Amino acid sequence: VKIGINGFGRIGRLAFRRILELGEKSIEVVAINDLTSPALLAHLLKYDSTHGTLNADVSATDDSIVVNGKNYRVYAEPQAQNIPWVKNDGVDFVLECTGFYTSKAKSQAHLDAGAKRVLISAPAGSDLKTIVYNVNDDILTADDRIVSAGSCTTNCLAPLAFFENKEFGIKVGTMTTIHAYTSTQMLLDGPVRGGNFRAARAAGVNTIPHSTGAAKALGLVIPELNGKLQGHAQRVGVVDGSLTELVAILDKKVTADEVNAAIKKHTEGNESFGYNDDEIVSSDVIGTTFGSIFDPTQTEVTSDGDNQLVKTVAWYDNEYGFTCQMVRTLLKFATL
Amino acid sequence: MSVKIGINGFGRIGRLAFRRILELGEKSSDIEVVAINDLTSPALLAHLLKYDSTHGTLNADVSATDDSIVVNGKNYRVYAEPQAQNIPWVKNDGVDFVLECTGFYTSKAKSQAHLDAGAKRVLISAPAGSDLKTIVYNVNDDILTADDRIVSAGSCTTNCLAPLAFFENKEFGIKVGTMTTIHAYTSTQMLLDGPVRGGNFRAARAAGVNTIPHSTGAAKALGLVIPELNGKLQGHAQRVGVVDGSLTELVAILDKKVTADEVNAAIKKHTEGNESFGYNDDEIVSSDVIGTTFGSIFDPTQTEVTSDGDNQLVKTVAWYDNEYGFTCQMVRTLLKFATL
Amino acid sequence: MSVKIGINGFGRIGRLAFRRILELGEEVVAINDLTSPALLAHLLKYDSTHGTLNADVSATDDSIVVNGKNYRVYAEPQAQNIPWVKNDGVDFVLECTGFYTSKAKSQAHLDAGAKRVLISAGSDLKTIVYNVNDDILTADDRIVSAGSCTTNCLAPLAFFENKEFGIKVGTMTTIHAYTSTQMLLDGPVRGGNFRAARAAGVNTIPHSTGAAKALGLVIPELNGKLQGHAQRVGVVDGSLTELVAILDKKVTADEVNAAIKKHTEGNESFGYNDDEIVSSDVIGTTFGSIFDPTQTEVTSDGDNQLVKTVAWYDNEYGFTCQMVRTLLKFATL
Amino acid sequence: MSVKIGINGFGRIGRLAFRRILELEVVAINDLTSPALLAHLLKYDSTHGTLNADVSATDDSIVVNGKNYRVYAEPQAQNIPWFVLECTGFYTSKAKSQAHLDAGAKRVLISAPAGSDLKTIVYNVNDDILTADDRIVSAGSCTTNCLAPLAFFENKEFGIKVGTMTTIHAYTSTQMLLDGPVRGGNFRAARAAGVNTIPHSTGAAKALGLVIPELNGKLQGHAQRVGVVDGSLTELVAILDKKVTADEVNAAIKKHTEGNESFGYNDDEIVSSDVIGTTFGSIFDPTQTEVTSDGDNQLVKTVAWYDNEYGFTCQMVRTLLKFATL
Ligand SMILES: [Hg+2]
Ligand SMILES: [Hg+2]
Ligand SMILES: [Hg+2]
Ligand SMILES: [Hg+2]
Ligand SMILES: [Hg+2]
Ligand SMILES: [Hg+2]
Ligand SMILES: [Hg+2]
Ligand SMILES: [Hg+2]
Ligand SMILES: [Hg+2]
Ligand SMILES: [Hg+2]
């Protein structure tokens with residue numbers, strides 16, 4: 001089970017780390033494609049301000065990265081179709097991390113170059129499947145060649161909305177994610193691509209509203225919720241570690257203790273959707289393997305007569321969590 | 001014959017109140033601080049009045065004596081009485097009204113002390129129970145009469161949520177709502193993980209490198225300010241890693257079916273020329289509100305209406321300087337004390 | 001009677017220059033920039049470091065408006081094509097892009113009508129730190145460097161310390177606010193530097209600087225005598241320099257303090273603060289450098305001595321006010 | 001049979017010592033805060049992550065991986081039934097720490113500077129001077145454990161005539177989140193830590209004499225507290241007895257790092273984050289070395305990183321273990 005990684009950004013590198021750890025106890029990466037000198041790439045794989053230092057020997061050569069005596073070639077093709085990693089290296093699936101190949105059409109380029117399947121790490125349209133592992137990965141079939149993992153937010157929200165709706169019937173809901181700052185943001189105020197007024201502001205010293213598609217597109221993952229949710233984000237001054245607040249009108253009348261026990265059930269042995277009642281904070285989830293961690297301590301039911309609002313919340317390592325989700329799906333690709 | 005204020009407790013709010021009243025003094029409001037009570041050395045207080053990591057350096061000449069703080073050549077005595085009934089500032093200095101921001105006189109019964117020391121009225125910078133009036137300026141200040149000698153300003157959050165909720169209810173009717181305030185870290189929080197007053201596992205965590213959930217009673221208590229919303233709202237807080245500047249999200253079920261443009265138009269009219277409840281549609285972020293004089297600033301760009309047949313959710317958002325805004329609200333209430 | 005200023009590059013520094021020129025009140029007439037006027041007006045109006053400009057700011061399709069005055073914004077990628085000489089009568093170009101940074105390349109501005117050009121950060125042109133060596137400017141000068149943000153802090157301290165006591169050798173470390181060149185999270189960066197690649201908000205990060213080494217351009221007696229580097233730390237703005245030196249005179253901290261202090265009297269460029277301030281207190285200050293006597297330390301064991309001195313600076317605002325001071329002089333030579 | 005540590009004061013350092021000793025002998029704890037909160041803080045940490053063990057509490061004890069650790073609550077240490085690691089900050093004297101000796105403890109290791117009538121030990125610099133009569137030892141400070149080996153080794157190779165240090169240091173517990181009064185009244189201690197670079201006094205260099213006697217009187221320094229939660233670095237600028245080059249200095253210092261668990265080496269161009277959770281008291285970084293000369297006047301700058309919490313604590317443990325051989 002061999003992976004080629006297109007784009008050795010933060011998610012790309014974390015996928016490397018994750019597959020490496022997994023491989024120590026039982027799929028493997030064989031090649032990477034990226035414009036950066038491998039020397040720097042190796043450095044960024046070894047040292048991480050968020051995730052710590054990789055316990056392994058890392059070096060580079062002029063065309064590769066080396067870990068624990070193994071050589072991982074890095075190509076530098078700006079057009080995916082020219083990546084020779086299939087004949088050259090044995091690549092089965094491509095993890096597509098670049099943000100540039102974000103549609104079925106665009107990613108065909110990988111197929112043209114011989115890859116069996118592709119997993120894109122972002123929303124990539126409605127003409128292919130959007131998978132959140134442990135929610136709708138069962139809909140995968142052998143025919144599925146280009147797939148989308150959705151977003152980091154999708155992977156947190158989906159299971160919460162999924163099970164909440166199955167227990168109680170979500171009529172309508174709104175979401176706010178209080179999200180760590182990201183690479184698309186700036187250190188200091190200044191112009192940015194797209195020209196967005198908020199995109200342009202200093203990430204580390206502001207709370208910054210930000211648009212997401214997560215909720216609005218949730219129907220690609222949970223079709224009965226199409227048209228039922230909207231949301232946005234607030235970008236705040238931490239490096240990593242996020243949380244999502246969902247507020248919904250339900251079909252059923254509930255208490256907070258009832259909501260908590262119902263959802264808890266669905267976290268039992270679930271590697272994608274966890275549970276924590278220790279009153280954690282954001283830092284506590286950095287480096288966790290779940291795509292979403294339900295926090296019963298924040299559950300709130302507001303009612304007067306029989307107008308009811310229910311707020312639930314889940315934590316997530318928007319980096320590491322999302323990535324572990326994508327690796328689960330790469331793995332499910334082998335079984336198709 | 002100016003309004004004369006005693007400030008009890010020269011902490012962050014006290015100091016800002018001093019600065020605001022000083023600024024108003026320059027184009028005379030006729031309000032002035034004549035005295036302070038605090039147990040910290042005047043030279044440290046003076047240092048903290050002059051320099052501030054959030055709100056900048058005061059453009060005034062500031063120094064200390066061993067019992068006062070001197071500003072632009074005027075002397076402001078700093079009393080040091082741990083018990084408020086002992087502060088001699090009414091007789092010594094002309095104090096009319098006390099601004100009480102210590103956090104220790106947080107009830108009608110406790111603040112009686114100021115009256116016993118001869119203060120005409122007291123404004124408490126915090127929630128202070130239900131046997132006195134809780135006033136949010138420009139929402140319910142019209143309820144004040146001459147018999148009100150001890151008044152509560154509610155909290156910083158109350159001062160943000162109140163007008164939003166008030167005007168939204170007025171226009172559309174709030175059946176039920178919940179709020180989440182995304183809030184700058186505060187004085188009560190810790191720099192690093194460790195034990196804390198009260199024992200709370202969350203309070204105990206490092207504030208600059210975490211998003212920390214936190215309890216609030218602003219929503220639950222809003223009935224004190226807007227009786228019709230009693231028992232209609234709940235909420236909480238997320239403390240985030242900025243020094244100042246906050247926002248509240250309100251999620252409500254309304255009586256009317258609405259659109260976003262409609263909610264926006266309706267709330268907007270109530271911000272116009274409203275010195276307490278402002279408006280900004282320039283797509284601002286939290287630092288843009290640091291230093292603003294509003295108790296709450298409505299942000300139309302974040303409005304959201306979610307609709308699936310008959311069921312509707314409305315989300316509105318307001319920004320505030322949890323320090324400066326709150327404080328300018330209180331100063332407005334003080335000025336209003338003079339009209340009673 | 002006035003000399004008309006064009007600004008190439010409306011980045012942080014260029015916008016601060018505008019605010020500074022606006023504030024001095026008793027004049028810019030055009031801008032050149034790649035970014036839409038709307039975003040630029042927004043970034044002029046709002047700032048996470050320096051606050052909200054107290055002026056009416058708005059934008060059009062091809063300009064930004066401040067207090068009823070129109071400031072045309074060209075969008076020419078190539079400096080030689082900017083037409084603000086004819087169109088808007090430009091006399092002087094303030095150049096803050098980073099892409100012209102030599103006599104060679106700033107010649108484009110003169111090719112297009114400009115009298116003089118002020119840049120920031122070679123050797124075939126004068127580097128001017130106002131109130132240290134602006135005297136060397138002459139009418140012959142066409143292109144001049146204001147030096148760097150760091151140079152404008154270090155120059156005056158080093159000049160005056162050397163003047164009074166004689167610097168034999170010295171090393172500096174500037175504990176510096178994070179900058180635009182740095183990154184929010186770990187990843188590849190232009191140049192490829194391993195430390196440049198790291199998360200700036202949550203690390204202390206060593207950084208190469210050239211200010212000490214090039215100080216010779218400003219204070220010829222100090223050429224070859226100083227070295228230094230930076231540590232980039234987690235604040236948006238506000239920085240300090242520590243200079244450690246071997247001096248030709250044996251001294252006490254007070255001797256050093258009193259000596260350096262007289263050079264700050266009425267000095268709008270090199271100030272003095274002994275109130276025990278911290279970095280955020282210098283944000284918004286107009287000095288290129290603010291001596292802090294409270295941090296002065298003399299270490300000695302018998303006749304072997306080291307002297308440590310410290311100055312603070314707003315690396316944004318202080319540097320820019322220095323550029324403004326130079327602009328005022330240059331333009332009217 | 002094997003050695004039983006008792007920890008007085010379950011603060012950040014005490015807790016990290018607990019964790020480190022578990023990773024590698026502690027049987028009881030004395031702290032005035034509730035076992036539940038202690039438990040939560042042992043399990044979760046913003047800086048050092050979550051403990052990979054199962055932790056719980058009771059009414060009088062902390063439970064980990066099955067084993068149970070009693071938490072006594074005595075404000076007077078004579079009164080703790082139960083070597084002692086003294087982390088409290090309140091027993092900062094040979095005389096004060098006599099209390100733990102009154103309670104029957106063999107030896108006491110104080111995790112702070114504790115005068116000159118006891119020995120201050122930096123493990124792997126001067127731990128050899130310890131003997132069976134020393135019942136109360138100081139481990140000096142976090143900074144002391146970083147500065148010591150660097151200065152010791154540089155001094156032994158080149159001879160320091162005079163030196164000054166600046167440690168660029170993560171913010172600490174004594175500091176505040178927002179501006180306001182603090183105990184002692186210092187104008188700078190009163191200022192918001194997360195958004196300032198803040199000068200702070202230090203005594204580590206002046207006092208280095210207690211660890212390295214030939215350096216007595218030759219060093220001074222200070223700190224700049226900056227906006228990160230952990231991870232620090234020290235710059236030393238010194239006049240030496242010999243002429244050198246940067247390469248020479250690096251080669252010379254590097255050789256004392258070989259197999260040195262207390263003083264390490266890193267030449268990958270790291271940053272503060274990189275040292276968090278590292279086990280060394282100090283890490284030499286040769287990429288930052290600088291020699292400045294004109295004529296025959298020479299200044300030498302060397303730099304070492306450290307985790308001011310984790311390094312210090314791992315240094316302390318190494319000393320606790322050495323107590324045993326004694
Ligand atoms: Hg990438
Ligand atoms: Hg979620
Ligand atoms: Hg991962
Ligand atoms: Hg609000
Ligand atoms: Hg105010
Ligand atoms: Hg410039
Ligand atoms: Hg300087
Ligand atoms: Hg300026
Ligand atoms: Hg050190
Ligand atoms: Hg440790």
# chains A, B, ... in the order shown; residues from 1 in each chain; ligands from 1
call {"tool": "interface_residues", "arguments": {"of": "chain C", "to": "chain A", "cutoff": "12 Å", "atoms": "only C-alpha atoms", "output": "PyMOL selection string"}}
result
chain C and resi 9-15+33-51+177-205+234-237+316
call {"tool": "write_last_selection", "arguments": {"atoms": "C-alpha atoms", "output": "PDB file, in the first residue's frame"}}
result
ATOM      1  CA  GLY C   9       4.873  50.555  -2.215  1.00  0.00           C
ATOM      2  CA  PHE C  10       2.000  51.084   0.195  1.00  0.00           C
ATOM      3  CA  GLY C  11       3.085  48.435   2.633  1.00  0.00           C
ATOM      4  CA  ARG C  12       3.293  48.830   6.390  1.00  0.00           C
ATOM      5  CA  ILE C  13       6.086  51.349   6.286  1.00  0.00           C
ATOM      6  CA  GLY C  14       4.648  53.332   3.388  1.00  0.00           C
ATOM      7  CA  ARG C  15       1.312  53.595   5.097  1.00  0.00           C
ATOM      8  CA  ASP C  33       0.952  49.850  -5.541  1.00  0.00           C
ATOM      9  CA  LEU C  34      -0.280  46.535  -6.747  1.00  0.00           C
ATOM     10  CA  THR C  35      -3.034  46.073  -4.222  1.00  0.00           C
ATOM     11  CA  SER C  36      -6.560  47.349  -4.711  1.00  0.00           C
ATOM     12  CA  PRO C  37      -7.265  50.807  -3.356  1.00  0.00           C
ATOM     13  CA  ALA C  38     -10.065  49.404  -1.267  1.00  0.00           C
ATOM     14  CA  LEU C  39      -7.811  47.095   0.718  1.00  0.00           C
ATOM     15  CA  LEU C  40      -5.215  49.770   0.960  1.00  0.00           C
ATOM     16  CA  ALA C  41      -7.647  52.293   2.353  1.00  0.00           C
ATOM     17  CA  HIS C  42      -8.761  49.668   4.822  1.00  0.00           C
ATOM     18  CA  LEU C  43      -5.265  48.938   5.956  1.00  0.00           C
ATOM     19  CA  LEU C  44      -4.606  52.644   6.215  1.00  0.00           C
ATOM     20  CA  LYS C  45      -7.685  53.104   8.351  1.00  0.00           C
ATOM     21  CA  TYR C  46      -7.304  50.053  10.514  1.00  0.00           C
ATOM     22  CA  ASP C  47      -4.166  48.642  12.126  1.00  0.00           C
ATOM     23  CA  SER C  48      -3.697  45.931  14.667  1.00  0.00           C
ATOM     24  CA  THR C  49      -0.570  47.568  15.953  1.00  0.00           C
ATOM     25  CA  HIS C  50      -0.985  51.274  15.584  1.00  0.00           C
ATOM     26  CA  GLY C  51      -4.684  51.692  15.981  1.00  0.00           C
ATOM     27  CA  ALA C 177       9.398  41.935  17.313  1.00  0.00           C
ATOM     28  CA  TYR C 178       8.384  39.483  14.670  1.00  0.00           C
ATOM     29  CA  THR C 179       8.135  40.855  11.128  1.00  0.00           C
ATOM     30  CA  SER C 180       6.475  40.477   7.770  1.00  0.00           C
ATOM     31  CA  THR C 181       9.243  38.264   6.514  1.00  0.00           C
ATOM     32  CA  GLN C 182       8.431  35.715   9.165  1.00  0.00           C
ATOM     33  CA  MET C 183       5.796  33.113   9.226  1.00  0.00           C
ATOM     34  CA  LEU C 184       2.713  32.315  11.186  1.00  0.00           C
ATOM     35  CA  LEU C 185       3.286  28.554  11.117  1.00  0.00           C
ATOM     36  CA  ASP C 186       6.216  26.317  10.149  1.00  0.00           C
ATOM     37  CA  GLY C 187       6.754  26.077   6.459  1.00  0.00           C
ATOM     38  CA  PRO C 188       8.889  27.021   3.510  1.00  0.00           C
ATOM     39  CA  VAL C 189       9.901  30.611   3.203  1.00  0.00           C
ATOM     40  CA  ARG C 190      11.682  32.667   0.534  1.00  0.00           C
ATOM     41  CA  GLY C 191      15.397  32.213   0.856  1.00  0.00           C
ATOM     42  CA  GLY C 192      15.045  28.830   2.446  1.00  0.00           C
ATOM     43  CA  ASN C 193      16.465  29.716   5.778  1.00  0.00           C
ATOM     44  CA  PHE C 194      15.799  27.052   8.399  1.00  0.00           C
ATOM     45  CA  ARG C 195      14.888  29.570  11.126  1.00  0.00           C
ATOM     46  CA  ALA C 196      12.985  31.845   8.826  1.00  0.00           C
ATOM     47  CA  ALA C 197      10.787  28.865   8.253  1.00  0.00           C
ATOM     48  CA  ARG C 198       9.499  28.709  11.805  1.00  0.00           C
ATOM     49  CA  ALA C 199       6.363  29.835  13.669  1.00  0.00           C
ATOM     50  CA  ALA C 200       7.030  33.327  14.814  1.00  0.00           C
ATOM     51  CA  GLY C 201       4.400  33.748  17.457  1.00  0.00           C
ATOM     52  CA  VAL C 202       5.507  30.830  19.575  1.00  0.00           C
ATOM     53  CA  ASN C 203       9.282  30.722  19.239  1.00  0.00           C
ATOM     54  CA  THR C 204      12.327  32.732  20.007  1.00  0.00           C
ATOM     55  CA  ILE C 205      14.128  32.828  16.719  1.00  0.00           C
ATOM     56  CA  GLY C 234       6.670  36.876  19.968  1.00  0.00           C
ATOM     57  CA  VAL C 235       5.268  40.408  19.948  1.00  0.00           C
ATOM     58  CA  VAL C 236       3.765  42.341  17.038  1.00  0.00           C
ATOM     59  CA  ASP C 237       5.956  45.383  17.483  1.00  0.00           C
ATOM     60  CA  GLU C 316       7.947  50.322  12.640  1.00  0.00           C
TER      61      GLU C 316
END
call {"tool": "closest_atom_pairs", "arguments": {"of": "chain D", "to": "chain B", "cutoff": "10 Å", "atoms": "only C-alpha atoms", "output": "Markdown table"}}
result
| residue | atom | partner | partner_atom | distance |
| --- | --- | --- | --- | --- |
| D:10 | CA | B:194 | CA | 9.5 |
| D:11 | CA | B:194 | CA | 6.9 |
| D:12 | CA | B:194 | CA | 7.1 |
| D:32 | CA | B:195 | CA | 9.9 |
| D:33 | CA | B:195 | CA | 7.1 |
| D:34 | CA | B:199 | CA | 7.9 |
| D:36 | CA | B:199 | CA | 8.9 |
| D:37 | CA | B:201 | CA | 6.6 |
| D:38 | CA | B:195 | CA | 7.7 |
| D:40 | CA | B:201 | CA | 7.0 |
| D:41 | CA | B:194 | CA | 6.8 |
| D:42 | CA | B:194 | CA | 9.8 |
| D:44 | CA | B:193 | CA | 9.0 |
| D:45 | CA | B:193 | CA | 6.8 |
| D:46 | CA | B:206 | CA | 6.5 |
| D:47 | CA | B:193 | CA | 8.6 |
| D:171 | CA | B:191 | CA | 8.1 |
| D:172 | CA | B:192 | CA | 7.1 |
| D:173 | CA | B:192 | CA | 6.0 |
| D:174 | CA | B:191 | CA | 8.9 |
| D:175 | CA | B:191 | CA | 7.3 |
| D:176 | CA | B:191 | CA | 6.4 |
| D:177 | CA | B:191 | CA | 5.6 |
| D:178 | CA | B:187 | CA | 6.1 |
| D:179 | CA | B:52 | CA | 6.8 |
| D:180 | CA | B:11 | CA | 6.8 |
| D:181 | CA | B:40 | CA | 7.2 |
| D:182 | CA | B:40 | CA | 9.2 |
| D:183 | CA | B:40 | CA | 9.9 |
| D:185 | CA | B:44 | CA | 6.8 |
| D:186 | CA | B:44 | CA | 8.0 |
| D:187 | CA | B:44 | CA | 6.6 |
| D:188 | CA | B:47 | CA | 9.9 |
| D:190 | CA | B:48 | CA | 8.3 |
| D:191 | CA | B:53 | CA | 7.3 |
| D:192 | CA | B:53 | CA | 6.6 |
| D:193 | CA | B:191 | CA | 7.9 |
| D:194 | CA | B:208 | CA | 6.7 |
| D:195 | CA | B:53 | CA | 7.4 |
| D:196 | CA | B:53 | CA | 7.7 |
| D:227 | CA | B:208 | CA | 9.0 |
| D:228 | CA | B:209 | CA | 8.8 |
| D:229 | CA | B:192 | CA | 7.3 |
| D:230 | CA | B:192 | CA | 9.6 |
call {"tool": "residues_around", "arguments": {"residues": "stretch 140-156 of chain A", "least_positions_apart": "5", "cutoff": "9 Å", "atoms": "only C-alpha atoms", "output": "PyMOL selection string"}}
result
chain A and resi 102-104+107-108+111+115-125+128-133+177+212-215+217-218+221+243-244+272-273+290-293+314-319+321-323+325-326+329+332-333+335-336
call {"tool": "closest_residue", "arguments": {"among": "D:85, D:57, D:63, D:150", "to": "residue D:16", "atoms": "only C-alpha atoms"}}
result
D:85
call {"tool": "closest_residue", "arguments": {"among": "C:137, C:153, C:96, C:57", "to": "chain B", "atoms": "only C-alpha atoms"}}
result
C:57
call {"tool": "residues_around", "arguments": {"residues": "residue C:227", "least_positions_apart": "4", "cutoff": "7 Å", "atoms": "only C-alpha atoms", "output": "PDB file with N, CA, C and O atoms, in the first residue's frame"}}
result
ATOM      1  N   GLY C 170      32.593  45.730  19.857  1.00  0.00           N
ATOM      2  CA  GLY C 170      31.278  45.593  20.408  1.00  0.00           C
ATOM      3  C   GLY C 170      30.466  44.550  19.714  1.00  0.00           C
ATOM      4  O   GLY C 170      30.658  44.288  18.567  1.00  0.00           O
ATOM      5  N   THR C 171      29.574  43.943  20.464  1.00  0.00           N
ATOM      6  CA  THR C 171      28.577  43.064  19.955  1.00  0.00           C
ATOM      7  C   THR C 171      27.184  43.390  20.460  1.00  0.00           C
ATOM      8  O   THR C 171      26.989  43.701  21.593  1.00  0.00           O
ATOM      9  N   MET C 172      26.236  43.301  19.558  1.00  0.00           N
ATOM     10  CA  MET C 172      24.856  43.604  19.838  1.00  0.00           C
ATOM     11  C   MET C 172      23.935  42.391  19.665  1.00  0.00           C
ATOM     12  O   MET C 172      24.217  41.515  18.928  1.00  0.00           O
ATOM     13  N   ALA C 212      25.177  46.019  12.480  1.00  0.00           N
ATOM     14  CA  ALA C 212      26.377  46.270  13.221  1.00  0.00           C
ATOM     15  C   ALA C 212      27.543  46.343  12.270  1.00  0.00           C
ATOM     16  O   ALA C 212      28.316  47.254  12.294  1.00  0.00           O
ATOM     17  N   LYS C 213      27.621  45.354  11.413  1.00  0.00           N
ATOM     18  CA  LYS C 213      28.671  45.250  10.450  1.00  0.00           C
ATOM     19  C   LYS C 213      28.731  46.410   9.484  1.00  0.00           C
ATOM     20  O   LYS C 213      29.789  46.849   9.143  1.00  0.00           O
TER      21      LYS C 213
ATOM     22  N   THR D 292      34.246  38.771  17.851  1.00  0.00           N
ATOM     23  CA  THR D 292      34.491  40.076  17.332  1.00  0.00           C
ATOM     24  C   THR D 292      35.848  40.626  17.749  1.00  0.00           C
ATOM     25  O   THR D 292      36.146  40.660  18.900  1.00  0.00           O
TER      26      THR D 292
END
call {"tool": "residues_near_ligand", "arguments": {"ligand": "ligand 10", "cutoff": "6 Å", "atoms": "only C-alpha atoms and all ligand atoms", "output": "list in words"}}
result
residues 16, 17, 20, 310, 313 and 314 of chain D
call {"tool": "write_last_selection", "arguments": {"atoms": "N, CA, C and O atoms", "output": "JSON list (two decimals), in the first residue's frame"}}
result
[["chain", "number", "residue", "atom", "x", "y", "z"],
["D", 16, "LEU", "N", 6.54, 17.85, 37.28],
["D", 16, "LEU", "CA", 7.39, 17.43, 36.23],
["D", 16, "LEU", "C", 8.40, 16.44, 36.81],
["D", 16, "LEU", "O", 8.74, 15.50, 36.19],
["D", 17, "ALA", "N", 8.83, 16.66, 38.03],
["D", 17, "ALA", "CA", 9.67, 15.69, 38.66],
["D", 17, "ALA", "C", 8.94, 14.38, 38.85],
["D", 17, "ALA", "O", 9.49, 13.37, 38.60],
["D", 20, "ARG", "N", 8.89, 12.72, 35.44],
["D", 20, "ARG", "CA", 10.20, 12.26, 35.02],
["D", 20, "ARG", "C", 10.62, 11.05, 35.83],
["D", 20, "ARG", "O", 11.18, 10.16, 35.29],
["D", 310, "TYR", "N", 11.75, 21.73, 32.12],
["D", 310, "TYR", "CA", 12.10, 20.35, 31.97],
["D", 310, "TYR", "C", 13.56, 19.99, 32.18],
["D", 310, "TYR", "O", 13.83, 18.99, 32.74],
["D", 313, "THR", "N", 14.48, 20.34, 35.91],
["D", 313, "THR", "CA", 13.93, 19.24, 36.65],
["D", 313, "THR", "C", 14.70, 17.95, 36.40],
["D", 313, "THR", "O", 14.96, 17.20, 37.30],
["D", 314, "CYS", "N", 15.09, 17.70, 35.16],
["D", 314, "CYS", "CA", 15.83, 16.51, 34.85],
["D", 314, "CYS", "C", 17.22, 16.58, 35.51],
["D", 314, "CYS", "O", 17.72, 15.60, 36.00]]
call {"tool": "residues_near_ligand", "arguments": {"ligand": "ligand 8", "cutoff": "7 Å", "atoms": "only C-alpha atoms and all ligand atoms", "output": "ChimeraX atom specification"}}
result
/C:16-17,19-20,286,317-318,320-321
call {"tool": "interface_residues", "arguments": {"of": "chain D", "to": "chain A", "cutoff": "10 Å", "atoms": "only C-alpha atoms", "output": "PyMOL selection string"}}
result
chain D and resi 40+43-50+195+268-278
call {"tool": "residues_near_ligand", "arguments": {"ligand": "ligand 1", "cutoff": "9 Å", "atoms": "only C-alpha atoms and all ligand atoms", "output": "list in words"}}
result
residues 5, 6, 7, 8, 9, 10, 11, 12, 13, 34, 96, 97, 98 and 99 of chain A
call {"tool": "write_last_selection", "arguments": {"atoms": "N, CA, C and O atoms", "output": "CSV table (one decimal), in the first residue's frame"}}
result
chain,number,residue,atom,x,y,z
A,5,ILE,N,2.8,11.6,-2.1
A,5,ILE,CA,2.3,12.8,-1.5
A,5,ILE,C,2.5,14.0,-2.3
A,5,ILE,O,3.6,14.4,-2.5
A,6,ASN,N,1.5,14.6,-2.8
A,6,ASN,CA,1.7,15.8,-3.6
A,6,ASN,C,1.5,17.0,-2.8
A,6,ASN,O,0.4,17.4,-2.4
A,7,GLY,N,2.6,17.7,-2.4
A,7,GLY,CA,2.6,18.9,-1.6
A,7,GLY,C,3.0,18.5,-0.2
A,7,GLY,O,2.2,17.9,0.5
A,8,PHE,N,4.2,18.8,0.2
A,8,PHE,CA,4.7,18.5,1.5
A,8,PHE,C,4.6,19.7,2.4
A,8,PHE,O,5.5,20.1,3.1
A,9,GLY,N,3.4,20.3,2.5
A,9,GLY,CA,3.1,21.3,3.5
A,9,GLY,C,2.8,20.6,4.8
A,9,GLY,O,3.2,19.5,5.0
A,10,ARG,N,2.2,21.3,5.7
A,10,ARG,CA,2.0,20.9,7.1
A,10,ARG,C,1.2,19.6,7.2
A,10,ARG,O,1.5,18.7,7.9
A,11,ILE,N,0.1,19.5,6.4
A,11,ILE,CA,-0.7,18.3,6.4
A,11,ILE,C,0.1,17.2,5.7
A,11,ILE,O,0.1,16.1,6.2
A,12,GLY,N,0.7,17.4,4.6
A,12,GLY,CA,1.6,16.5,3.9
A,12,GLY,C,2.6,15.8,4.8
A,12,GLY,O,2.7,14.6,4.8
A,13,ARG,N,3.3,16.6,5.6
A,13,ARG,CA,4.3,16.2,6.5
A,13,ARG,C,3.8,15.4,7.7
A,13,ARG,O,4.4,14.5,8.1
A,34,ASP,N,7.1,18.2,-4.6
A,34,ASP,CA,7.2,19.5,-3.9
A,34,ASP,C,8.3,20.4,-4.6
A,34,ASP,O,9.2,19.9,-5.0
A,96,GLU,N,-3.5,14.2,-2.1
A,96,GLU,CA,-3.4,15.4,-2.8
A,96,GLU,C,-3.6,16.6,-1.9
A,96,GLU,O,-4.7,17.0,-1.6
A,97,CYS,N,-2.5,17.2,-1.4
A,97,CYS,CA,-2.4,18.2,-0.3
A,97,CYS,C,-2.2,19.6,-0.8
A,97,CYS,O,-2.2,20.5,0.0
A,98,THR,N,-2.1,19.8,-2.1
A,98,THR,CA,-1.6,21.1,-2.5
A,98,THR,C,-2.6,22.3,-2.6
A,98,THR,O,-2.2,23.4,-2.7
A,99,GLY,N,-3.9,22.0,-2.7
A,99,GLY,CA,-4.9,23.0,-2.8
A,99,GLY,C,-5.1,23.5,-4.2
A,99,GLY,O,-5.9,24.3,-4.5
